[PDB]
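Topology and contacts: notes
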Amino acid sequence: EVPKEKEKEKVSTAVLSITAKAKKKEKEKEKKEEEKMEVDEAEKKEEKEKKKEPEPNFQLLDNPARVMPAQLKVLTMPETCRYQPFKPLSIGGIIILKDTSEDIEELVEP
Amino acid sequence: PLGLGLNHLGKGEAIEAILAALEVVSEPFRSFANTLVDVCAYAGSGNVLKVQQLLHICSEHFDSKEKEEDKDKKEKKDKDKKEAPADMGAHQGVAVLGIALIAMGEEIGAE
Amino acid sequence: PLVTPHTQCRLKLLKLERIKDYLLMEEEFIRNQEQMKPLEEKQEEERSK
């Protein structure tokens, strides 16, 4: 959702007449006013660069799971979880879980 | 605001604009007075850099009936600073205001 | 028609650069005139038919 919001808003004033020396002596007028009374303003860098690089590539998924037919081979069961599947899980479709221990819960239907 | 500019007529020092416009820092229907004491100090000389800010800031904008008085009064101050470079700019003034105004304009021209 | 030094003098340098100033501004005023017109019209039914 990015339709537009554009603005014509200006035509740049290209007056390269006597304005050129007129603006230059005005910049001299700020060299008495800016650096001699008060100036301090700053902002911080590299905050927005920081959050990008520690990213995933280990995205967990529930099992209503969309999966590209390209990424069938790069998905991995949780070996730290005990419940392992039955068929070699490298191709999309339907497989069954080999439920190991005890205390099965968390069924969901809308 | 007119007697203000009559009290500060005829000096191209541009301190009187720093005096008056920073004094009546206010809503834009009171900033109609911004153009008055600015150019009432600007009776006659060549200060063409003022004449471009006399055009470029409020030029047209199509302006559906809000500040239409201000562009008229901005044009009102274009009328002087034109009546005494001794006809050097009077030919240029009739060249501009005949063309891009009444022959290319709106409430600014035809009112 | 007031270029009255008629010679190599700084007046005619000053005179003609004034004339350059008023013609560039009259260019830039009409340039802003066809610029800042948001209209985007829709024709009347009687005129369009």
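Residues numbered from 1 in each chain as written, not as in the entry; some residues may be left out. Chains lettered and ligands numbered in written order. Part of a larger assembly, values for the part shown. Heavy atoms only, no water. Residues with missing side-chain atoms left out of burial classes, pairs and counts.

Header annotation of the entry names cryo-EM as the structure determination method and lists the resolution as 3.3 Å.

1. Notes on the overall build of chain A
Counting secondary structure elements, chain A contains one helix and two strands. Along the chain direction, N to C, the helices and strands of chain A fall in the order α-β-β. Projecting the C-alpha coordinates of chain A onto the three principal axes gives extents of approximately 85 × 35 × 30 Å. Per element, the accessible surface of chain A, about 12000 Å² overall, is 54% carbon and sulfur. (Helix = DSSP H or I, 4+ residues; strand = E, 2+ residues; numbered from the N terminus. Areas by Shrake-Rupley, 256 points an atom, 1.4 Å probe, with all protein chains shown as cover.)

2. Examining a nonpolar patch on the surface
Where nonpolar side chains cluster on the molecular surface, the patch consists of B:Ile18, B:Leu22 and B:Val25 and spans about 320 Å² of accessible area. Structurally, the position occupied by B:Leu22 is in the loop between helix 2 (16-20) and helix 3 (34-40). (Patch = residues over 30% accessible without salt bridge, like charges linked within 9 Å, V, L, I, M, F, W, Y side chains within 5 Å. Salt bridge = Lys/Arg side-chain N within 4 Å of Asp/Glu carboxyl O.)

3. Looking at the layout of surface pockets
Within this model, the largest pocket holds a volume of roughly 1700 Å³. Lining the largest pocket are 35 residues, and of these A:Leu61, A:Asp62, A:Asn63, A:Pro78 and A:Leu89 lie nearest its centre. By residue class, the composition of the lining of the largest pocket is 22 nonpolar, seven polar and six charged. Approximately 920 Å³ is the volume found for the second largest pocket. Surrounding the second largest pocket, 29 residues form its lining, A:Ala22, A:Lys25, B:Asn47, B:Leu49 and B:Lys50 being those nearest its centre. Sorting the residues of the lining of the second largest pocket by element identifies helix 1 (19-37) of chain A, helix 2 and helix 4 (48-56) of chain B together with helix 1 (10-33) of chain C as the ones contributing at least two each. Tallied by class, residues from the lining of the second largest pocket come to eleven nonpolar, six polar and twelve charged. (1 Å grid on protein atoms, 1.4 Å probe; cavity = no way out; pocket = protein on both sides within 12 Å on 5 of 7 lines; lining within 4 Å. Points joined across faces, edges and corners; volume = space filled by probe spheres on them. Nonpolar A, V, L, I, M, F, W, Y, C, P; charged D, E, K, R; others polar.)

4. Focus on the packing of helix 6 (residues 90-102) of chain B against helix 1 of chain C
Closest axis-to-axis distance for the helix 6 of chain B/helix 1 of chain C pair is 10 Å, and the angle between their directions is 10°. Relative to helix 1 of chain C, helix 6 of chain B is oriented roughly parallel. Here helix 6 of chain B contributes B:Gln92, B:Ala95, B:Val96, B:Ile99 and B:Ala100 to the contact with helix 1 of chain C, which in turn contributes C:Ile19, C:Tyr22, C:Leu23, C:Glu26, C:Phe29 and C:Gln33. (Axes fitted to C-alpha atoms, helices over the stretch in contact; angles between N-to-C directions. Parallel < 35°, antiparallel > 145°, perpendicular 65-115°, else oblique. Contact = heavy atoms within 4.5 Å.)

5. As for the interface of chain C and chain B
Of the residues lining the interface, 18 residues belong to chain C; the matching set on chain B comes to 20 residues. Both sides together, the interface formed by chain C and chain B hides about 2000 Å², and carbon and sulfur atoms give 69% of it. When residues of chain C are sorted by the area they lose upon contact with chain B, C:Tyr22, C:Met25 and C:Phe29 head the list and together hold 33% of the total. Between the two partners, chain C and chain B, sit zero salt bridges. Connecting chain C to chain B are two residue pairs in polar contact. Taken together, the residues of the side of chain C that touches chain B break down into ten nonpolar, two polar and six charged. (Buried area = accessible area lost by both parts, 1.4 Å probe. Polar contact = N/O pair within 3.5 Å; in protein donor to acceptor, adjacent residues only side chain to side chain.)

6. Let's talk about helix 1 of chain C
A rise of 1.5 Å per residue sets the reference length of helix 1 of chain C, with its 24 residues, at 34 Å; its end C-alpha atoms lie 35 Å apart and thus fit the reference within 8%. Buried within helix 1 of chain C are the following residues: C:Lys15, C:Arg18, C:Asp21, C:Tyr22, C:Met25, C:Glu26, C:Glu28, C:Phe29, C:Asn32 and C:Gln33. (Expected span 1.5 Å × (residues − 1). Buried < 20%, exposed > 50% of the residue type's maximum accessible area, 1.4 Å probe, protein only.)

7. Regarding the pattern of salt bridges
One pass over the full model with this rule turns up eight salt bridges over all chains. A:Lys45 serves as the salt-bridge partner of A:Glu46, at 3.3 Å between the closest nitrogen and oxygen. For A:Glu46, a relative accessible area of 48% translates into the label partly exposed. Put simply, B:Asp63, B:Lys67, B:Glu68 and B:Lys71 are held in one network by salt bridges that share partners.

8. What about empty space enclosed by the protein?
One number sums up the size of the largest cavity: a volume of about 60 Å³. In terms of lining residues, the largest cavity is bounded by A:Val15, A:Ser17, A:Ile18, A:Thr19, B:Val48, B:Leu49, B:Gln52, C:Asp21, C:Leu24 and C:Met25. When residues of the lining of the largest cavity are traced back to their parent elements, those giving at least two are helix 4 of chain B together with helix 1 of chain C. Taken together, the residues of the lining of the largest cavity sort by class into six nonpolar, three polar and one charged.

9. What to know about the packing of helix 4 of chain B against helix 1 of chain C
Running from amino to carboxyl end, helix 4 of chain B crosses helix 1 of chain C at an angle of 10°, the nearest separation of the two axes being 10 Å. Classed by the angle they form, the pair helix 4 of chain B and helix 1 of chain C counts as roughly parallel. Listed contacts from helix 1 of chain C to B:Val48, B:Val51, B:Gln52, B:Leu55 and B:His56 of helix 4 of chain B are C:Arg18, C:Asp21, C:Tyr22, C:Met25, C:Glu28, C:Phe29 and C:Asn32. Among the residues forming the contact of helix 4 of chain B with helix 1 of chain C, the class breakdown is six nonpolar, three polar and three charged.

10. With respect to the environment of A:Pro78
All names here are of chain A. If you trace the backbone, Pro78 turns up in the loop between helix 1 and strand 1 (84-85). When its relative accessible area of 39% is taken as the criterion, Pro78 is described as partly exposed. C-alpha separation for the pair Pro78 and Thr100, spaced 22 residues apart in sequence, amounts to 14 Å.

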